[PDB]
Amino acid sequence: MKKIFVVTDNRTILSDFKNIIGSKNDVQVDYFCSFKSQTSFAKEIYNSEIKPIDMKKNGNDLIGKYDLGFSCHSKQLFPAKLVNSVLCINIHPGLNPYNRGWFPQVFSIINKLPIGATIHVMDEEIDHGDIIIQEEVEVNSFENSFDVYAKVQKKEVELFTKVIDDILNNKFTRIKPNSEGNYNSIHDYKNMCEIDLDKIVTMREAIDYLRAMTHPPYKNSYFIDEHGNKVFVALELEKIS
């Protein structure tokens, strides 16, 4: 009777996991989310389908109570000794080791490194340890950050569905990542948000930039005009074929 914890701040992921994991024998599972997340998850917390936790403070208190941990779309990072003492697996919206860090799909639309989904064993470093399973996702011309994120998310759930048995059976793939690849900080993102009106680019590049920064309902890219107006920009694309 494996005992499992799952940390997420995503409703859709929370719902998919429950589905996949609740289907399984010999499994008990507690679900946690973050404190920043008290409202998004107000009906479910109150029903206690999930429970806030400060992983920074108290993550290490789950040592000894669980056999297996999962992080999927989780606002928080797991403490080292938790990760070094319990098997913790991350289900991640990018293709390690490319565009590790913040908003992988945004950076992929711009810099053309592969994007996809990875499930990997957690280590002390971010998006860094043994890969269990991962798959690339196509970026089409007509897609923005939101469409690519949504393909990635679905691939995530399909890949976890494919490997959850092996993991609960504690016999599963572990492959070293092939290079260190690259990381993008939240500051790297923030520096791209302000459009530089004088920057020289092809139309291809302006479009790829505008679509990479388009993800309803967020407001991301902007310019500051003459009169000091702050104007946010988003792009819409439609395939007519």
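Residue numbers run from 1 along the displayed sequence.
As recorded in the PDB entry, 123-131 is the stretch of 157-165 and 123-131 with the greater mean C-alpha temperature factor.
According to the PDB record, 44-52 carries the higher mean C-alpha B-factor of the two stretches 28-36 and 44-52.
Of all the options 234, 6, 237, 240, the entry's greatest CA B-factor is assigned to 240. When the Cα B-factors of 110, 77, 87, 152 are read from the PDB record, 77 comes out highest. When the modelled residues of the chain are ordered by their C-alpha B factor, residue 181 lands in the middle third. Per the PDB record, residue ranking by Cα B-factor puts residue 57 in the highest third of the chain. In the PDB entry, a CA B factor belonging to the highest third of its chain's modelled residues is recorded for residue 190.
When the modelled residues of the chain are ordered by C-alpha B-factor, residue 201 sits in the middle third. In the PDB entry, residue 69 places in the lowest third of its chain by CA B-factor.
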